[PDB]
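Engineer: dropping in the first section of the assembly, placed as in the complex:
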Amino acid sequence: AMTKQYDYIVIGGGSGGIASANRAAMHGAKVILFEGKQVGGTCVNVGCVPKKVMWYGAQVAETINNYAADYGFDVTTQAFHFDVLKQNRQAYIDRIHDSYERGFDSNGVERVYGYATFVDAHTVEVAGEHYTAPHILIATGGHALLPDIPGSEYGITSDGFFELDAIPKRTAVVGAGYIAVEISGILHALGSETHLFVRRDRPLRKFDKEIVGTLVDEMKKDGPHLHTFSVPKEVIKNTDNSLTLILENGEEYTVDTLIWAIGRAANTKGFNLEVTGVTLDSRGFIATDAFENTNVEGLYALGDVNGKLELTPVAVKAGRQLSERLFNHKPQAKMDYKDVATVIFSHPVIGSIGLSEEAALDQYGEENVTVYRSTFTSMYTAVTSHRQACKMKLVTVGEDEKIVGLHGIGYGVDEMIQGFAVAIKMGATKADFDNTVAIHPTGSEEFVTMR
C-alpha cells in the first residue's frame, strides 16, 4: 500500500488540532486529522465542558441550600439524582461531537479515528496505512500526573472524576491548582464530605494573594475542608474498600474516593516521537519558537503539549494562526500569549488578567505601582443569611496608570472579565476606566468606579 500524500497532517483532535485542521482546510490545504480517543479532546470530554455543567449543578444546589429561603422560598429536596445530571451532561457533549463532524464535512477535513505513530520526521502510521506531509502538527495535549508513593494507584484523576456515577460520601482532592480547587468546590456543593490538600500555604499560590485570601475565607464558610502543608506519603486501601491518605506530617484521613490533581504533563510518549528529532524542554514539553516551530522543519507543536499556557482558547487561536501562516501566506501570523484572561470556577469564582500585585511590585518596583481595590458584599447574597464577599482590584503602573493586572473574586465574576480583556489588550489606563460610565446595579460596575 503506497504512502498517502497530504499538505497537512494533524495529530490530535482536541482544541488545538481541530482549530488548526479546520482553518487549513478553509485555505485549500488537503488536510487529515488523527484522533486516538474521542473528538473534542480534553476540553469537550474530560475538561472545561463537563466541568462547567457540573459547576452549574453546584450553583443550583447552592441556590436551593443557601439562598432560596431568604428570597421567600420554603423548599425541600425530595431527592438528588446524580445520574440525571450526568446523562444530560453527556447528551450535551455528544451534540458537540456531532457538531465537529458536521464541521469537518463542511470544511473538507479528512479524519481517521486512530492512534498516529511516527515512521520518520514527515510520515506517520495509522491503522497500518502510512501518511506523509511537508507540514505535521503535533497537538497531542497532556495528561494528569500521579504521585510516586505507595498506594498511588488507589486514587483517580480528573478523568475518573467525570467517570463517577454518584457523589462519593467522602472525597479527598489533592492539589493546589485550578483543577483541584474547581473539583473540590463542586464535590462540596453537591454533598460530599470534601477535603482539599495543598502542599504549601494555600491554594493557587501564584495568584494574587489578596484575591486568594478571600477564596480561602469563603471556602471556610462554605466549601471543602482545607488542609495546608499537606504532603501525601501513602494511600492505604482498607478492608471495607475505603481509602486512608497518610500525610508526611503524620495526619490520616479516610475517604471513599481520592482524586490526584497535582499537575499535568505533555503527551510525548508512545507515538515514536524520538525518530523525528524533536527536542523537549527541561519540563518535558515540546520546545517551540514564537511560531510553534519545533527544532525540525515541517514539524510544529501547539496547545498543552508545548507547555506555554494550558487553556482551550490559547490552543484554538495558536492553531488558527499557524494555519494562517502555513496556508494563507502570513509569515508573521502567531499567537499572542500576553494578558490572556482566565476564570477559575471556584466558589466564589475568580477572574484574572495579567499580573498579580506581587508580580507587579517585583517587576516594576513599589514606587511605580498604584493599586485600586474595592471590597463589598455581592447584592445577591447580601440580603441572605449567607453573605459572600466580592473583592476586585486594578494593578497599575507608571505615571499614566496603565492597567497591567485586573482581578476579581465573587458572584458573577465569571462573565465580567472578557470585555475588560479587550480593553487591556488595547492598553487601557485607569483614565480609560474612569471615562467609562457604570452600569447599575451590577457587580461589574465596581471595576470602573474605584478611586
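Structural biologist: Perfect, thanks for sending it. Residues are numbered from 1 along each chain as shown, chains lettered A, B, ... in the order given.

Engineer: what distance separates stretch A:91-109 from the middle of the whole chain?
Structural biologist: Put simply, stretch A:91-109 sits 22 Å off its chain's centre (C-alpha atoms, centre = their mean, to the nearest Å).

Engineer: please point out which parts of that stretch sit buried.
Structural biologist: Residues of stretch A:91-109 classed as buried: A:93, A:100, A:104, A:109 (neighbour count, 16 or more other C-beta atoms under 10 Å). Any C-beta I mention is one placed from the backbone N, CA and C, and that applies to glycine too.

Engineer: helix or strand for the second one, which one?
Structural biologist: For residue A:100, the host element (DSSP states H and E) is helix A:82-107.

Engineer: what's near enough to touch the residue most central in space within chain A?
Structural biologist: In chain A, the centroid-proximal residue (C-alpha atoms, centre = their mean) is residue A:311; its distance is 5.3 Å. The contact partners of residue A:311, by C-beta atoms under 8 Å, 6 or more residues apart in numbering, come to A:340, A:342.

Engineer: please apply the same query to residue A:421.
Structural biologist: Counting by C-beta under 8 Å, 6+ apart, residue A:421 touches A:339, A:340, A:341, A:353.

Engineer: closest to residue A:397 out of those?
Structural biologist: Nearest to residue A:397 out of the contacts of residue A:421 is residue A:339 (C-beta to C-beta; 13.3 Å).

Engineer: distance-wise, check that closest one relative to residue A:109.
Structural biologist: As for residue A:339, its distance to residue A:109 is 31 Å (criterion: C-beta to C-beta, to the nearest Å).

Engineer: narrow the contacts of residue A:421 to just the buried residues.
Structural biologist: A:339, A:340, A:341, A:353.

Engineer: make TSV out of those and add distance to residue A:400.
Structural biologist: Output for the buried ones among the contacts of residue A:421, formatted as TSV (distance: C-beta to C-beta, whole Å):
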residue	distance to residue A:400
A:339	17
A:340	23
A:341	22
A:353	18
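
Engineer: which residues of the stretch 351-451 of chain A fall in helices?
Structural biologist: Counting by DSSP state H, counting those that start in this stretch, the stretch 351-451 of chain A has helices at residues A:357-364, A:379-382, A:417-425, A:430-434.

Engineer: could you dump these into CSV and include distance to residue A:149?
Structural biologist: CSV is the format used below for the helices of the stretch 351-451 of chain A (distance: least, C-beta to C-beta, whole Å):
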stretch, distance to residue A:149
helix A:357-364, 31
helix A:379-382, 40
helix A:417-425, 37
helix A:430-434, 48
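
Engineer: in PDB, list the C-alpha atoms belonging to stretch A:426-440.
Structural biologist: In PDB, the C-alpha atoms belonging to stretch A:426-440 read as follows (Å, rounded to 0.1, in the frame of the first residue of the first chain):
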ATOM      1  CA  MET A 426      -5.700  47.900  23.700                       C
ATOM      2  CA  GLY A 427      -3.500  49.300  26.500                       C
ATOM      3  CA  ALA A 428      -6.200  50.600  28.900                       C
ATOM      4  CA  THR A 429      -5.200  53.000  31.700                       C
ATOM      5  CA  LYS A 430      -7.100  54.000  34.800                       C
ATOM      6  CA  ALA A 431      -8.200  57.100  32.900                       C
ATOM      7  CA  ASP A 432      -9.900  54.900  30.300                       C
ATOM      8  CA  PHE A 433     -11.700  53.100  33.100                       C
ATOM      9  CA  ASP A 434     -12.700  56.400  34.700                       C
ATOM     10  CA  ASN A 435     -14.000  57.600  31.300                       C
ATOM     11  CA  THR A 436     -16.500  54.700  31.100                       C
ATOM     12  CA  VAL A 437     -20.000  55.100  32.600                       C
ATOM     13  CA  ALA A 438     -21.000  52.500  35.100                       C
ATOM     14  CA  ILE A 439     -23.900  50.000  34.600                       C
ATOM     15  CA  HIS A 440     -26.000  49.900  37.700                       C
END
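
Engineer: so what touches that stretch?
Structural biologist: Applying C-beta under 8 Å, 6+ apart, the external contacts of stretch A:426-440 come out as A:370, A:372, A:394, A:396, A:400-403, A:420, A:423, A:445, A:447-450.

Engineer: chain B next, sequence below:
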Amino acid sequence: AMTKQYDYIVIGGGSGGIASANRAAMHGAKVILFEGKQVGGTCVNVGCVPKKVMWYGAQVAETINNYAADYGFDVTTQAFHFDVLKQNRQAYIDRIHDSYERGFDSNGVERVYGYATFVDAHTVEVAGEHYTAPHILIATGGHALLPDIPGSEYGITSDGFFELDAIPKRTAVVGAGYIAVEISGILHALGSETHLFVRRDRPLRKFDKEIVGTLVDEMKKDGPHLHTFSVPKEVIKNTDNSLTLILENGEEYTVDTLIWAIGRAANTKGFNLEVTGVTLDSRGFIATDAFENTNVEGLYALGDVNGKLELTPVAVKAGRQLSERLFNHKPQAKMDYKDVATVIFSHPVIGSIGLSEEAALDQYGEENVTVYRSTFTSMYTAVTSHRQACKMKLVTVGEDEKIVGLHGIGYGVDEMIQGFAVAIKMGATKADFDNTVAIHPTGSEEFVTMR
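Structural biologist: Chain B, in position alongside the others:
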C-alpha cells in the same frame, strides 16, 4: 429671620443631587441639599435597587421551577413568603439610607428634609425659611405617567409595585419600555398570571430588532403573555374588587392589579419653577447645554429632569462633573453621554451599547456598515427542558470596522457589558476584539469569536 446664604443649593436628594452635593462639599463649597421625600431618590427607594433584589428572587424561582430537575434536583416548594423577600429588600435599602446620612455629615453637606419652592431665580423656601445661593442645581427627577382614561386611578405605577406586600394572582402591566418589560418579567417568574400590553407590534421598539425578536420568542416560551396593538380604553373596578382592562380593540382582561408603565416625565411642576425663567424643551424636560446650564445663569439641571438619559450612573457622573466645574476650577468638565451602556433586567437579560443595526444603517449608510453575530443556546439552559437562546451582535462601520454598537440577550449578559463599554469608549474596532483571547467556557467569549 434673614435669608440664609450658601455657595450651593441642591434641590433633590436622588442620585444626581447627592452626587453633586457631596462633590461640591469635598471642594470646600458651603452646600445645602433639600429632599421632600426619602433620601436616595428613585433608584434607591423605588427603582434600580429594589428592582434588582426582586429580579434575584425571580432568578431563584426560575432555578427551582425551571432548571433544578434537569440538574437532578427533585424539589418541592411548600410555600412562597413574599414578606420575607420584601423585609430583606427593605433592610438593604435602609442601610443605604444610613450610609448617605453618615456621608453628608462627614463631607459637610447640610440637608433639610423638606420640599423646596422657588421665591425668585436664586432663592428657595423650605419649611418657612429662605435660602439663597449663586449656584442652584435642579435635580428633581421624574415621575410615572398615567393615561387619561376612565378608571386610570385604579391602576398603580412602579412605585405601587414596590408597595405591594404580595404577588397578585393576576397582573396587567401596560407599557413597552424597560420598566414594563422588567416588572412583567419579575411578576411572571414569581407566579402571577401576567399580561403585558404594548401599543404597537412589540416591546422596546428603539432597541435592535433582532435582539427584541429573541426577547419576544423567549417570552412566548417562558414569560408573561404578550398582547400587541393593545391600547387601553378604560379600567372597570368590579364588585369583587378585581379590575377589568378594556382595550380599544374590544378585548377585556380581568386582573387583581394593573400597573401603568407607559412613560416618565420630568418633575417641573409644583415648586414654582416658573418664577426662575428656566426654559423647558418640547418634551417638558429642563433644557440644558453640554455643561448642564439652563438658560438662566446660576441655575443648572441634571439627572432625569434634563431628559438626556434616564440612568443612575449618568445622574451621578453629571452631578460630579458639574461640581468639578463650579468648585474645582475645571471649566471643561462635563458628562459624556455617548456610548453609555445599559442592562435591561428582562427575561432573559438584554445588554446594549451604542447603535442598533437599524440606527447605524440610517446614520452611516448601508454601504458602510458591517454586522457580526453569534447565536447559540446558553450552556446553563442547554442541558434542561427549558432551553434558552443567547444572541449577540456587533455593529461596525467603515473599512476599519469601528464598533458603534454591541448588543446581547441571554443568560449572564447583565455582567458581560461593562468591560466592553471600556473598550468601546477607547474606540475599539473588530480587530481589537479579534486580538483578544477568549475565556472558555463562558457566554462572554461569544462577543470576541464572531466571524
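
Engineer: could you re-examine the contacts of residue A:421 with chain B now present?
Structural biologist: The contact partners of residue A:421, by C-beta atoms under 8 Å, 6 or more residues apart in numbering or on different chains, come to A:339, A:340, A:341, A:353, B:419, B:436, B:437, B:439.

Engineer: out of those residues, which are inside strands?
Structural biologist: Mapping these onto strands (DSSP state E) picks out residue A:353.

Engineer: from the contacts of residue A:421, which is closest to residue B:377?
Structural biologist: Distance to residue B:377, by C-beta to C-beta, is smallest for residue B:439 among the contacts of residue A:421, at 18.6 Å.

Engineer: give me the distance between that closest one and residue B:419.
Structural biologist: Taking C-beta to C-beta, one finds residue B:439 at 11 Å from residue B:419.

Engineer: and what of residue A:119?
Structural biologist: Residue A:119 sits 49 Å away from residue B:419, taking C-beta to C-beta as the criterion.

Engineer: more neighbours, these two?
Structural biologist: Higher neighbour count among residue A:119 and residue B:419: residue B:419, with 31 against 16, using other C-beta atoms under 10 Å in any protein chain shown.

Engineer: make sure that one is actually in contact with residue A:425.
Structural biologist: No - if you go by C-beta atoms under 8 Å, residue B:419 and residue A:425 don't touch, sitting 11.2 Å apart.

Engineer: what count of nearby residues applies to residue A:138?
Structural biologist: Residue A:138 is flanked by 31 other residues according to other C-beta under 10 Å.

Engineer: cool, the one 5 residues further on as well?
Structural biologist: Counted with other C-beta under 10 Å, the burial measure for residue A:143 works out to 16 neighbours.

Engineer: which one is it nearest to, not counting chain neighbours?
Structural biologist: Counting by C-beta to C-beta, 6 or more residues apart in numbering or on different chains, the nearest residue to residue A:143 once its immediate chain neighbours are dropped is residue A:267, at 5.7 Å.

Engineer: could you pull up the contacting residues of residue A:275?
Structural biologist: Residue A:275 sits next to A:118, A:119, A:120, A:121 when contact means C-beta under 8 Å, 6+ apart.

Engineer: if we go to 7 Å?
Structural biologist: For residue A:275, the contact set (C-beta atoms under 7 Å, 6 or more residues apart in numbering or on different chains) comprises A:118, A:120.

Engineer: in the stretch 151-300 of chain A, what residue is nearest chain B?
Structural biologist: Residue nearest to chain B within the stretch 151-300 of chain A: residue A:190 (9.0 Å; C-beta to the nearest C-beta).

Engineer: hmm, that residue is touching residue A:57, no?
Structural biologist: Yes - between residue A:190 and residue A:57 a contact is recorded at 6.5 Å, counting by C-beta atoms under 7 Å.

Engineer: leaving out sequence neighbours, find the closest residue to the residue of chain A found nearest chain B.
Structural biologist: Closest residue of chain A to chain B, C-beta to the nearest C-beta: residue A:419 (2.4 Å). Using C-beta to C-beta, 6+ apart and skipping residues adjacent in sequence, the residue nearest residue A:419 is residue B:419, 2.4 Å away.

Engineer: ok, the one you found to residue B:5 distance?
Structural biologist: For residue B:419, the distance to residue B:5 (C-beta to C-beta) stands at 46 Å.

Engineer: OK, contacts around the residue nearest to residue A:143?
Structural biologist: Taking C-beta under 7 Å, 6+ apart as the test, what residue A:267 contacts is A:140, A:141, A:142, A:143, A:305.

Engineer: returning to what we had before: now the contacts of residue A:421 as JSON lines including distance to residue B:37?
Structural biologist: Shown next, in JSON lines, are these (distance: C-beta to C-beta, whole Å):
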{"residue": "A:339", "distance to residue B:37": "47"}
{"residue": "A:340", "distance to residue B:37": "50"}
{"residue": "A:341", "distance to residue B:37": "44"}
{"residue": "A:353", "distance to residue B:37": "43"}
{"residue": "B:419", "distance to residue B:37": "35"}
{"residue": "B:436", "distance to residue B:37": "45"}
{"residue": "B:437", "distance to residue B:37": "49"}
{"residue": "B:439", "distance to residue B:37": "44"}
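
Engineer: contact partners for the residue of chain A closest to chain B?
Structural biologist: Going by C-beta under 7 Å, 6+ apart, residue A:419 touches B:416, B:417, B:418, B:419, B:420, B:422, B:423, B:444.
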